[PDB]
Each structure stands twice: as structure tokens, then as C-alpha cells.
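Don't worry about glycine lacking a Cβ; one is built from the backbone with ideal geometry, like all the others, and counts go over all protein chains shown. None of the figures in this text is laboratory data; all of them are computed from the coordinates on show.
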Amino acid sequence: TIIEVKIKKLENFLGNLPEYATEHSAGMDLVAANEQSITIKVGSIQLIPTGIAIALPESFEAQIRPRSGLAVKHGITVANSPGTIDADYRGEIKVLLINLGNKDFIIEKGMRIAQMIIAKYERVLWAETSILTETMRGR
Amino acid sequence: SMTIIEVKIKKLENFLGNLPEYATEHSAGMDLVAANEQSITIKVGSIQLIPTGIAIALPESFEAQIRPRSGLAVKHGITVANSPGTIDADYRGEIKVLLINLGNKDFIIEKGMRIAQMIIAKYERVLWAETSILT
Amino acid sequence: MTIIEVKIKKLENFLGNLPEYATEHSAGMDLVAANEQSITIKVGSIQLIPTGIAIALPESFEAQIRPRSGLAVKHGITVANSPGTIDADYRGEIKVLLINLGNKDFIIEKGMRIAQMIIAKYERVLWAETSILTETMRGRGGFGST
Ligand SMILES: O=c1ccn([C@H]2C[C@H](O)[C@@H](COP(=O)(O)O)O2)c(=O)[nH]1
Ligand SMILES: O=c1ccn([C@H]2C[C@H](O)[C@@H](COP(=O)(O)O)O2)c(=O)[nH]1
Ligand SMILES: O=c1ccn([C@H]2C[C@H](O)[C@@H](COP(=O)(O)O)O2)c(=O)[nH]1
């Protein structure tokens, strides 16, 4: 199942629109679009802009997830993972990276920093009740 | 088209105010609100479990995901330690949010603070097919 | 509910039971450590733990590697690249990247439950490049908004 998503390139965008590595990949690589280098000191969190804004169709969301390689090699991961991009968000997509490694890490424009996976969500209608069914799991 | 799924929800004794709400009509998730009666300090490097005051019964083939909110992470280094937390359709206990302070100042969690977002989605039940060669 | 068949290969270090759902309505299966030498995760360190299985997902399905809440609560151990993303293109050994954000060193021994694996559908995006996106209510009137 294919979904069309509108996407706007911002002033800082470069290159191809976010790409899937292979034809069956779940996620697109997000690329740092910071106009000046950003150093993430050990233990710190930095916001990295991506230079895109998107308009997801109704009932969909985008998830900002880590690239395993950055975590393995440098202890860099997504601080709010999985980051939720809502279908009515019209701002620049931002990636929050934390440095949990042992050396300061420089984020340069063009680096692959996260992946973005699009998935369906369901909107909840609450049915308030005073008792829930019992299950084999329980409380 | 969005689709609606009805989910049963029980208020526990420590719930205050309103059932979890979508910030906007097109939000993927509902905001989860701290329901601790007494403030909870999360010191630098600590993990703390925060109650929400609710229990839910998801319909079959659905799960709920406990995810961080952007503000707590970027402003305070607070995030969800077991993210994304998985709420199973047969869980009948209180939903709790496990926060970690990876920032550089102690942070006090007060009743009423938005501490996470909860996204409901379908999952698929796997039947394994054992094989000797993956194509 | 909806059942999906997934092919799975036992590698040489596989010990015993294929990943199982803890209950008939659990979203995820428990993944178990299959390391043939003990692995110590020092405080603040990150270690890759093998599971001894490889899988072949059907198209449009992913497996998400997520933390078990018990390990996080009791030991500060969680999944460093969470949610780990397994898709149809990955037929190698499933590995769990753990980080120790607790207050003492933690030894991973084979047979320990280390993560849970939730299979779900994802969508493939085709981009419609545009110069004007619709306006919405989100963030409207906030400080600094243009
Ligand atoms: O990693 C993230 C998370 C969120 N957002 C955007 C899209 C969301 O709709 C909006 C609000 O996020 P929350 O505060 O609800 O997490 O910020 C990002 O750009 N990056
Ligand atoms: O962030 C979380 C994760 C889990 N749970 C509840 C619902 C789950 O069904 C149950 C068991 O979680 P695990 O041990 O499978 O992580 O705990 C929560 O309240 N919050
Ligand atoms: O928790 C994880 C995440 C990924 N992978 C597999 C599937 C991916 O295709 C491959 C490389 O990881 P990424 O660089 O795409 O994150 O490793 C795992 O074994 N476990």
C-alpha cells in the first residue's frame, strides 16, 4: 500500500527528498540540514533541522526513529524516540539527538541522522466505564 | 478519512480532571497527564515511574504506545525510559509512564503536567513458519 | 484477529523456544539473549546482544524491537536505538542494542529476556513536492510562529 504525502522544501534543504535505502525498507533516511555545524557534547541534546515540512493524509503519522549505526558507533540516538509527527504539523521536521557516547560528536549538514517511518494510527473514542473485563494478564 | 476505535477506560482513585485528550483533531496521540498526588523529584540521571490514574481495555488487535513529548526532551532532557512503552490489549492495570532525567538539573513532576503521548495502532499477530533457508 | 505468517530461521546459537507472545493478546513477542559468552554492560555503556534468529518479513510489515518495562524499571537497561526497525530487507541475525542507564553494571546471560518484538504494518510514501502546504490549527498563534 502506497500513500502520497505532500512535502515542501525549506530554504535549508539540499539533495533528494527523503529516500528509502531499498525497495522494501520501512523508513526513509533523514539528512541534517543545519546551515552551521552543530557539536553535540557528551550528555547533551541538540535539535537538528531537516529542511522539510510535510502534510500527512488523515489517519497517518510519521515516526522519527534512530539509525542503529550512529547509536552503535557513537552513542548518538534520538532523544525523544520515536518522535511523533502529526498529520496537521506544518512546521519544519526536527530531529532531537542525544550524545550518550564518550566523545563530542559534530553534526554536519548532509549527514544521515535518523529515519522516518509512516504508519496508520487509530483515533480513540473513550467509553468510560466503572469496570473492565478481567484477563489472564490482569493488573 | 480518520477512523474511530472505541476503547473502554476506567478512572482510578488518583485520576483528576479529564480523560486523555488529543491536542488537535488530527493528533496521532493523546496527552498523558501526571496524576501523582505529591510532587515527584527526578534527579539528574534518575528513573521515576509516574502514575496516570487510568486503566484501559483495548480491543483485540490494537496496542497503545507510550511515547515522549518533544518539549520535555528538548528543554529538560526528560524522556521516556522504556520508549515506546507497549500497552497490551489484555493489560488491566494502571497506565504508568517511566521517565528518565538525562538533563543537567533536577526536575519536579507535578500533578497536571503532560508527561507523554499515547498512540493507538493496530498490531499483527505472528505465526512462525520455521525454515532452513531465507531466500 | 489478523494472523501473519513470518518465516524464521534458527541460527547456530539459537537455544530452545522461538519468540513467544506472553499472552494471547500481547502485542509483542519476547526476544531472548543468545550470546555464548556472558556480556557485561557497564554503566553508561552500549552492547549489541544477539538473539540467534533471523526472519523474513512479508512486504509492508516491520518488526519493532522495543524495551521490556521490567529491565528498564529494575536495572535502567533499555534499547539504545529504540524502536529498532526490522523490515523485509533484513534477513540477518536479529540483534538487540542495549544501553545501561541504571546505577550498576549488568550481565547479560543467554536465556535472559532482553526486548519485545511487535509486528505492524507500515506505509510506503511517494512524495508530492509542493510549494504551499495547507494551514492547520496546530501551533497557531504560538510565540515565534510564522
Ligand atoms: O521528533 C520530533 C517530534 C515532534 N516534532 C513536531 C511534529 C509534532 O506534530 C510537533 C509536536 O510534537 P510533540 O510536542 O507533540 O511531541 O512537533 C518534530 O518536528 N520532531
Ligand atoms: O510504558 C508502559 C509500558 C507498559 N505498561 C503496562 C502495560 C503493559 O501491558 C504492561 C507490561 O509491560 P511490559 O512488561 O511488557 O513492558 O505494563 C505501562 O503501564 N506503561
Ligand atoms: O534493533 C535492531 C535494528 C535493526 N536491526 C537490523 C535490521 C536493519 O536492516 C539492520 C541495520 O540497522 P539500521 O542501520 O537500519 O538501524 O540491522 C536489528 O537487528 N536490530
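Our estimate of slack between C:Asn103 and C:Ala128, defined as 0.36 nm per intervening residue step minus the Cα-Cα distance, is 4.2 nm. Checked against a 20 Å cut-off, the cross-linked pairs A:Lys109/C:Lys121; C:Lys10/C:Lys95; B:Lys43/C:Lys104 give Cα-Cα distances beyond that limit for A:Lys109/C:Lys121. Using the Karplus relation 6.51 cos²θ - 1.76 cosθ + 1.60 with θ = phi - 60°, the per-residue 3J(HN,Hα) values for segment A:106-119 come to 9, 9, 9, 3, x, 5, 6, 10, 6, 10, 10, 10, 9, 9 Hz, with x marking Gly and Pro. Mean-square fluctuations from a GNM of chain A, with a 10 angstrom spring cutoff on Cα atoms, peak among A:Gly15, A:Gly75, A:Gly110 at A:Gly15. The alpha-carbon of B:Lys11 sits under 18 angstrom from the alpha-carbons of these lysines, leaving out residues fewer than 8 places away in its chain: B:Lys96, B:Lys111. Cα centroid distance between segment C:78-145 and segment B:47-81, in Å? If we compute the Cα centre of each part, the gap is 14 Å. Sorting A:45-55, C:32-42, B:63-73 by their mean Cβ neighbour count within 10 Å, with the most densely packed peptide first, gives B:63-73, A:45-55, C:32-42. Antiparallel beta bridges, as assigned by DSSP with both residues in segment C:12-146, represent about 100 percent of the total such bridges. Convex hull volume of the C-alpha atoms in the protein assembly as shown, normalised per residue: 140 Å³. In terms of its C-alpha gyration tensor, chain C comes out oblate, because a/c is 1.5 or above while a/b does not outweigh b/c.
If a spin label sat at a point 7 angstrom from the Cα of C:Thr2 along the line to its beta carbon, the backbone N atoms of segment C:62-79 nearer than 15 Å would be those of C:62-63.
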